[PDB]
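All Cβ positions, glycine included, derive from the backbone under ideal geometry; neighbour counts span all protein chains shown. Bear in mind that the values in this text are calculations on the coordinates, not laboratory data.
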Number of protein chains: 2
Amino acid sequence: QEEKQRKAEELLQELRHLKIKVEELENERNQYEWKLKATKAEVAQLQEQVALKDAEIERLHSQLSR
Amino acid sequence: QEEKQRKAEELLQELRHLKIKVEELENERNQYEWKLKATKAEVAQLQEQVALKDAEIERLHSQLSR
Ligand SMILES: [N+]
Ligand SMILES: [N+]
């Protein structure tokens, strides 16, 4: 039952490694959440550019039709 | 040293739980990677709409200036 002890120490090692993995995987999640946010800000700016250009096309069409 | 045994079983329980957490955190990562992809496809379609509207404004400006 040094091998009870040995299996114990094997399991601790494994716990340590899994705990580092969980810690890292929760870092990757946090930064995916902020890049998604950033990409969504890019969508919103583009929607804003489309609507400005639609306004400019409408203005030109009023003139064009006089 | 039933308590060697008892601490062993405590550690297995913990390993099981951490292994489920890692499994789930790697599910959340996979689906963040695909939502980011999807959001990026939305950006690309919008860039395409902007450029179509810029082409239409240019066409109108040529006419307007005749
Ligand atoms: N728009
Ligand atoms: N453009």
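Under a Cβ-Cβ cut-off of 15 Å, what is the net charge of the residues other than B:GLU42 that fall near it, where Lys and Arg count +1 and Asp and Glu count -1? Net charge around B:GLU42: +3. Remark: label point of A:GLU2 defined 7 Å out from Cα along the Cα-Cβ vector; separations to the same position in other copies 2.7 nm, ascending.
Compactness check for the protein assembly as shown: Cα Rg over 2.2 N^0.38 Å is 2.05. Using R₀ = 25 Å, calculate the FRET efficiency as 1/(1 + (r/R₀)^6) where r is the Cβ-Cβ separation of B:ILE20 and B:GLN47; round to 0.05. For B:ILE20 and B:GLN47, the calculated efficiency is 0.05. Here each label is just a point 7 Å from Cα along the line to Cβ, and for B:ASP54 and A:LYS4 those points are 7.5 nm apart.
In the protein assembly as shown, helices alone account for a calculated mean residue ellipticity at 222 nm of -36000 deg cm²/dmol, with every DSSP H run of four or more residues adding -39,500 (n - 2.57).
Compared with the dominant principal axis of the Cα atoms in chain A, helix A:2-64 is inclined by about 0°.
Rg of the Cα atoms in chain A, relative to 2.2 N^0.38 Å, amounts to 2.65. For the protein assembly as shown, the dipole from Cβ point charges (+1 on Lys and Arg, -1 on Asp and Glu) about the Cα centre works out to 420 debye, to the nearest 20.
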